[PDB]
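>>> how would this look folded up:
(9 chains, ligands or ions: 55)
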Amino acid sequence: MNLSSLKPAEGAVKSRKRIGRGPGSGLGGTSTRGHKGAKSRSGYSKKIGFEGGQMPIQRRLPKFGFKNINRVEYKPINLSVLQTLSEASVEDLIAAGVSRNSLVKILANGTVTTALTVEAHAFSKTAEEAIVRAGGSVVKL
Amino acid sequence: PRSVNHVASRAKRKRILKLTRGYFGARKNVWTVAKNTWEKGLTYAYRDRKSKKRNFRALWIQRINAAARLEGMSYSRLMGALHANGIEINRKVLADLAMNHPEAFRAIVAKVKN
Amino acid sequence: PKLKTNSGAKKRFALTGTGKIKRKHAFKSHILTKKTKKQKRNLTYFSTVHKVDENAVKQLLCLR
Amino acid sequence: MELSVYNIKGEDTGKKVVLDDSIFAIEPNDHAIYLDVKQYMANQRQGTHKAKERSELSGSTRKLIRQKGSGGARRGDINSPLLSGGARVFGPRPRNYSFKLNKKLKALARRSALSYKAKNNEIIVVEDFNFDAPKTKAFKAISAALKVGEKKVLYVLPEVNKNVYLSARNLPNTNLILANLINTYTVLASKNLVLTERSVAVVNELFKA
RNA sequence: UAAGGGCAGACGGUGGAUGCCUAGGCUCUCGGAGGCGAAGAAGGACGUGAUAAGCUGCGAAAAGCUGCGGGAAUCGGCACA
RNA sequence: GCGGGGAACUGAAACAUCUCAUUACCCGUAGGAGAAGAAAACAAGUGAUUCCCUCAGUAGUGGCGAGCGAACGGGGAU
RNA sequence: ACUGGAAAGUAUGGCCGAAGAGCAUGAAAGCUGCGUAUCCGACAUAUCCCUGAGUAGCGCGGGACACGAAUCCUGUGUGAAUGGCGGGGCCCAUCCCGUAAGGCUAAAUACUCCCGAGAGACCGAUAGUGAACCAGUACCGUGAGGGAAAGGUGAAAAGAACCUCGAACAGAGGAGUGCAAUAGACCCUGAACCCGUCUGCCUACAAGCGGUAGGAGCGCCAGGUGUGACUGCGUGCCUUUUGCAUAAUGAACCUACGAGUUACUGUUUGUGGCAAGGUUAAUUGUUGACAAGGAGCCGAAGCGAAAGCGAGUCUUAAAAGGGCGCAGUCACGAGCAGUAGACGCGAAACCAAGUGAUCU
RNA sequence: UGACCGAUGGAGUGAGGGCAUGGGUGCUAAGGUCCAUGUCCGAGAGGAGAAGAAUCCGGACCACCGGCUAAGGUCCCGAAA
RNA sequence: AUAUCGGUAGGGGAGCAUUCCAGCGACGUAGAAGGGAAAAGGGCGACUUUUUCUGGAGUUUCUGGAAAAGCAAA
Ligand SMILES: [K+]
Ligand SMILES: [K+]
Ligand SMILES: [K+]
Ligand SMILES: [K+]
Ligand SMILES: [K+]
Ligand SMILES: [K+]
Ligand SMILES: [K+]
Ligand SMILES: [K+]
Ligand SMILES: [K+]
Ligand SMILES: [K+]
Ligand SMILES: [Mg+2]
Ligand SMILES: [Mg+2]
Ligand SMILES: [Mg+2]
Ligand SMILES: [Mg+2]
Ligand SMILES: [Mg+2]
Ligand SMILES: [Mg+2]
Ligand SMILES: [Mg+2]
Ligand SMILES: [Mg+2]
Ligand SMILES: [Mg+2]
Ligand SMILES: [Mg+2]
Ligand SMILES: [Mg+2]
Ligand SMILES: [Mg+2]
Ligand SMILES: [Mg+2]
Ligand SMILES: [Mg+2]
Ligand SMILES: [Mg+2]
Ligand SMILES: [Mg+2]
Ligand SMILES: [Mg+2]
Ligand SMILES: [Mg+2]
Ligand SMILES: [Mg+2]
Ligand SMILES: [Mg+2]
Ligand SMILES: [Mg+2]
Ligand SMILES: [Mg+2]
Ligand SMILES: [Mg+2]
Ligand SMILES: [Mg+2]
Ligand SMILES: [Mg+2]
Ligand SMILES: [Mg+2]
Ligand SMILES: [Mg+2]
Ligand SMILES: [Mg+2]
Ligand SMILES: [Mg+2]
Ligand SMILES: [Mg+2]
Ligand SMILES: [Mg+2]
Ligand SMILES: [Mg+2]
Ligand SMILES: [Mg+2]
Ligand SMILES: [Mg+2]
Ligand SMILES: [Mg+2]
Ligand SMILES: [Mg+2]
Ligand SMILES: [Mg+2]
Ligand SMILES: [Mg+2]
Ligand SMILES: [Mg+2]
Ligand SMILES: [Mg+2]
Ligand SMILES: [Mg+2]
Ligand SMILES: [Mg+2]
Ligand SMILES: [Mg+2]
Ligand code: NA
Ligand code: NA
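Numbers count the residues shown, from 1 in each chain, chains lettered A, B, ... in the order given. Ligands and ions are numbered 1, 2, ... in the order given. Sure, the structure comes next:
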């Protein structure tokens, strides 16, 4: 093609909807609005959370809980991912192949079966047991 | 950009005004009166295309009745005899023969007047 | 401008892993006693938002 | 692919040049080309257009006639769109027509355009040349020797080349562009594409993969 | 018999639509500049021409006065002199 | 630009706290810009002001209603 | 050379190009004019030991801070210290940070009455500024104030000597100019509603939305066209309604004008690019385009109010006894939503600053 | 039959009315009023009943100067004894 | 092949015209746009072609793009 025979992909573009332009279009007259009432007027909007005067659900259910402003959240890395990284080094925590300046926690999802030297901020008990069974090392910092 | 379709807008009215020719008074040339008259006529034309078949069948039946009563039979008796003898000539052909070919109509009548 | 979150909704609702909305149970009568000890149904278990009432809590929490 | 270099006066010097297959020998993406051309034109747009709404007309806000008893239609202020010389409802507003395309999409579109040219055999490679003085007749002679004077031609140069640019400035169906500034619209706008020996290397090293 | 009337065509009238046109608007970009005035401002009044001045310019030295630099045949502002 | 006064219609499906809004408007007074600016600071190491992108519709606040709504940190201009 | 009133048009054939931007010229010009690319040019005139007291702090009443009672401010009443004091969201202790009650300071930021150079998938005379022209004019009002309409002969005025009718150009018919006067001053083009004349056909025994379907005769230019004796059927249209010929609403007619738009943020979907990754924002370089910018955002683990544990987790003394859990991302187009006047016209009113006692 | 059910995008409606049946109310009145079960008008043209929203017959893709029927009819207006 | 194709509110699909833009093709004083008359055409339609008179200088096809994108009633 060139600039004189441009073509988009089939179904990529579509004409917009135009209302109030006659009977043949199927969208004239009342222009998809119905007949009367509040919803047919210019400038109508929905009051969000308004149910006609009944007590709304966000007011009749109770508030619960509190959030911790000093919350430590780790990033879950599993043993199967650790194996995948190990298969094309031994000393792990390279993190350049994945997080970006965060705390990491090793969890037990697959298996290791290979001697690693995994270093991470925190570990699971099953993770440490699996590393020991595979004949590896755990460094926690 | 600013788009106004002056020529197309006027041509649409002029085409319909060409069809409203011959009407009475303002109905021939005054746009909102002429357009109103034209569409009612179109509904009339739709109904009249249906009623034309009824009218022409009634005319054929009346002419056949006259010719058969000349021959000494009524329309209903002639049609009963025709259907019993199983000939498939329709009412338009029978009326055309009755008005223009009386010898052929006489032949049809004599075949079934047994 | 960006859509604003409803403050009461953000204090009353939470999201789960599958995208379901969980909530606390309001009491029928909040004066316990003269109500059967089976009030653990509305006193112990978090419930979910009914599918019919859904999309309203979503619009309250900015369709999240 | 492999291309034969021509000299200034259109003779095959015999030296051959290699173009990257990942640039010049792919299956082009028509939708990518369409998107890139649309983005180029929308970025060229200057949306300086405006009409006056009701709040920016110059008439006063006084009610023209009393509400009841006059016998005509009820009227408010003079700036109403129903009145002659009134407000322009939903007219144009100043606009920014720029939109975003992914970098990989734009790169794929550029490669697709170059591959279209290479497949349709509208790419020719000439030797690098300099002009001692600006000479439109010299540039015209080069174009006629290369047989790209009948239609629109785009020259791709590796460096500034002030004299060459001045020589090519006044000719109608010729355009000049640096190799590192190649874009899909500029490639597609011209019928023929003349690369130089160093331009081939620059395009190959910069727009590969 | 058409007093008059109806329809169509042709040709006119009125009216000023449409098409084509315009430096009069609109929105911006870049660079400057960001004040005038008691040494009398902004904005006005009254004058000023060969022939009445409606604009423009000018101020009783009044469509104007002087010097230096540019330039070379017409000029004596505009509303069909 | 800075400063002195300062509404109401409206929204909350009524309305008084709240909102509209430290808006409209009135008044005073600069400059080519003005204001701010060099820690009795933020924080839980950074290092004067100003402006842009994020943080974030988050922390909070609120007839905890309608609504309002940061800062620290990071990336820049200088 | 051709056409033409007139070539810049067409067709040959040449030439310049650091100049093929443009405007004008009797139609559309690289080579007719002014210009353009490029180069050159200014006599002046401008511009470039000591350490901040009615202080810190405090009581009462208020205000600003995102905050509707920690920080900062103060009307009223009080009132120290010289390592001390202040802050880290009520209050105490430890710790950390800083050094109030004195002042000045460029840059990056906001705006356009004005001057200069440019631009537009902006308007083209009921549009676009109210104002293309005599425009804040005419007109209206005591006043504050409100506020229009109105562009186009022709390339060139060559803007019609003279004749005829007529009291007169009032107007016209000629002559003449001109490509054209049915371009003649209101002058390009010259539509509709509305108003006439001529020609053809019909019409003075006939009765309802005025048409529609049949169908003689007459009349024109070779199968088309005008009219139409006579026959059948037929209570306009819009809106609003359970339901309208309705005696419910609405319109004199024509031409022109007139009402779901745009921005941002969500969400769904059609089509695409990458893909366990996806994508840059402000901004920065080289010349709108290429290149750089990874800050940030989503995804990649969940459960629990939370500490926390983790393909588990919560509840329990303990139990599956029960609850919740064991391919994305970035765009382009489209639908919908919210916030903005948000599809258009229409109140009675409320508030602020002014103008009016020439009437009464 | 085919559209029943899930999940998702977009709605409109939330003034109904007549007839038949079972009832309440009223006066075993109302073209009354309130419910239930069907149906039609609403949103539905065509045929018969002189002319009638919902009574009887019957659900219109378009054309035809073809044929058969439904309700109801066959002396004339008016098709057929 | 069979079936289906009455429709208000309303949902869905596919297109015509208008103004301007890019690319590619064209037309015009041997007569453009506009105005009058006539003729033909389109699964269907919005509309499109052709001839002639007036007019006397601009217009248009195809593909894609963007909207001041269509009136009978307020
Ligand atoms: K300062
Ligand atoms: K010239
Ligand atoms: K003329
Ligand atoms: K002209
Ligand atoms: K005329
Ligand atoms: K008739
Ligand atoms: K009435
Ligand atoms: K007095
Ligand atoms: K009867
Ligand atoms: K009969
Ligand atoms: Mg509909
Ligand atoms: Mg309507
Ligand atoms: Mg309505
Ligand atoms: Mg209603
Ligand atoms: Mg409604
Ligand atoms: Mg309104
Ligand atoms: Mg009308
Ligand atoms: Mg007002
Ligand atoms: Mg206007
Ligand atoms: Mg519009
Ligand atoms: Mg006429
Ligand atoms: Mg003197
Ligand atoms: Mg001199
Ligand atoms: Mg209220
Ligand atoms: Mg000649
Ligand atoms: Mg001309
Ligand atoms: Mg105007
Ligand atoms: Mg006289
Ligand atoms: Mg003429
Ligand atoms: Mg004229
Ligand atoms: Mg009689
Ligand atoms: Mg008679
Ligand atoms: Mg009623
Ligand atoms: Mg009726
Ligand atoms: Mg009414
Ligand atoms: Mg009326
Ligand atoms: Mg009426
Ligand atoms: Mg009207
Ligand atoms: Mg209701
Ligand atoms: Mg109801
Ligand atoms: Mg009733
Ligand atoms: Mg009854
Ligand atoms: Mg209804
Ligand atoms: Mg029905
Ligand atoms: Mg019926
Ligand atoms: Mg029969
Ligand atoms: Mg049907
Ligand atoms: Mg249908
Ligand atoms: Mg002609
Ligand atoms: Mg045009
Ligand atoms: Mg198109
Ligand atoms: Mg419009
Ligand atoms: Mg119109
Ligand atoms: Na007559
Ligand atoms: Na549709």
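>>> Let me know how buried residue 26 is, in neighbour terms.
If you meant another chain, say so; for now it's chain A. Using other C-beta atoms under 10 Å in any protein chain shown, residue A:26 is surrounded by 9 other residues. All C-beta atoms are positioned from the backbone trio N, CA, C, and that covers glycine.
>>> Please refer instead to chain D.
17.
>>> Quick check: chain neighbours aside, which residue is closest to it?
residue D:115 (4.9 Å; C-beta to C-beta, 6 or more residues apart in numbering or on different chains).
>>> Near the one you found, how many other residues are there?
Counted by other C-beta under 10 Å, the residues lying close to residue D:115 total 19.
>>> Which element, helix or strand, includes it?
Taking DSSP states H and E as the criterion, residue D:115 maps to helix D:103-120.
>>> Now tell me what touches that helix from outside.
Contacting residues not belonging to helix D:103-120 are listed as A:1-2, D:1, D:19, D:22-30, D:32-33, D:35-36, D:39, D:123, D:182-184, D:187-188, D:193, D:203, D:207 [C-beta atoms under 8 Å, 6 or more residues apart in numbering or on different chains].
>>> Recalculate using a threshold of 6 Å.
Helix D:103-120 has contacts (C-beta atoms under 6 Å, 6 or more residues apart in numbering or on different chains) with D:23-24, D:26, D:28-29, D:32-33, D:36, D:123, D:184, D:187-188, D:193.
>>> Quick check, central residue of chain C?
residue C:23 (2.6 Å; C-alpha atoms, centre = their mean).
>>> phi, psi of that residue?
phi -150, psi 160 (degrees, to the nearest 10).
>>> Just list whatever residues bridge to it.
residue C:47 (DSSP bridges).
>>> Provide a list of residues in contact with it.
A:61, C:13, C:47, C:49 are the contacts of residue C:23 under C-beta under 6 Å, 6+ apart.
>>> picking up where we left off before, which of the contacts of helix D:103-120 fall in strands?
D:123, D:193 (DSSP state E).
>>> TSV please, covering the contacts of helix D:103-120 and showing distance to residue B:18.
Putting those into TSV (distance: C-beta to C-beta, whole Å) gives the following:
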residue	distance to residue B:18
D:23	63
D:24	61
D:26	59
D:28	53
D:29	52
D:32	51
D:33	48
D:36	50
D:123	59
D:184	51
D:187	53
D:188	48
D:193	56
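>>> Reformat the contacts of helix D:103-120 as a markdown table; add distance to RNA strand E.
Compiled in a markdown table, these are given as follows (distance: C-beta to the nearest atom of the strand, whole Å):
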| residue | distance to RNA strand E |
| --- | --- |
| D:23 | 36 |
| D:24 | 38 |
| D:26 | 39 |
| D:28 | 36 |
| D:29 | 35 |
| D:32 | 31 |
| D:33 | 30 |
| D:36 | 25 |
| D:123 | 37 |
| D:184 | 26 |
| D:187 | 28 |
| D:188 | 28 |
| D:193 | 32 |
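>>> Tell me who's in contact with the residue in chain D positioned nearest to RNA strand G.
Closest to RNA strand G within chain D is residue D:76: 2.1 Å, counting by C-beta to the nearest atom of the strand. Shown in contact with residue D:76 (C-beta under 6 Å, 6+ apart): residue D:63.
>>> how close does it get to RNA strand H?
28 Å (C-beta to the nearest atom of the strand, to the nearest Å).
>>> SS state for that residue?
coil (DSSP: H, G, I helix; E, B strand; the rest coil).
>>> Ramachandran coordinates for it?
Dihedral angles (degrees, to the nearest 10) for residue D:76: phi -100, psi -120.
>>> Next: residue A:102.
Residue torsions, per degrees, to the nearest 10, at residue A:102 are phi -140, psi 170.
>>> Residue D:47 now?
Dihedral angles (degrees, to the nearest 10) for residue D:47: phi -90, psi 60.
>>> Now it. Nearest residue, chain neighbours left out?
Nearest to residue D:47 is residue D:95, by C-beta to C-beta, 6+ apart, at 3.8 Å.
>>> can you count the residues close to that neighbour?
Quick note: residue D:95 (other C-beta under 10 Å) scores 12 neighbours.
>>> repeat for residue A:54
Every residue meeting other C-beta under 10 Å relative to residue A:54 is counted, giving 9.
>>> burial count for residue A:116?
Neighbours of residue A:116 using other C-beta under 10 Å come to 21.
>>> now the helices for chain D?
D:21-24, D:30-44, D:103-120, D:136-146, D:162-169, D:184-189, D:197-206 (DSSP state H).
>>> and chain B, which residues reach RNA strand G?
Contact residues, chain B versus RNA strand G (C-beta under 7 Å from any atom of the strand): B:1-2, B:4, B:6, B:9-10, B:13, B:21-33, B:36-38, B:40-42, B:44-45, B:47-49, B:51-52, B:55.
>>> Mark which of those are part of helices, please.
B:6, B:9-10, B:13, B:31-33, B:36-38, B:40-42, B:44-45, B:47-49, B:51-52, B:55.
>>> count of residues packed around residue A:61?
Neighbours of residue A:61 using other C-beta under 10 Å come to 19.
>>> And it, how far from residue C:7?
Residue A:61 sits at a distance of 14 Å from residue C:7 (criterion: C-beta to C-beta, to the nearest Å).
>>> quick one: the residue nearest to the spatial centre of chain B and RNA strand F, what's the gap?
Centroid-nearest residue in chain B, with C-alpha atoms, centre = their mean: residue B:52, separated by 3.0 Å. With distances taken as C-beta to the nearest atom of the strand, residue B:52 is found 57 Å from RNA strand F.
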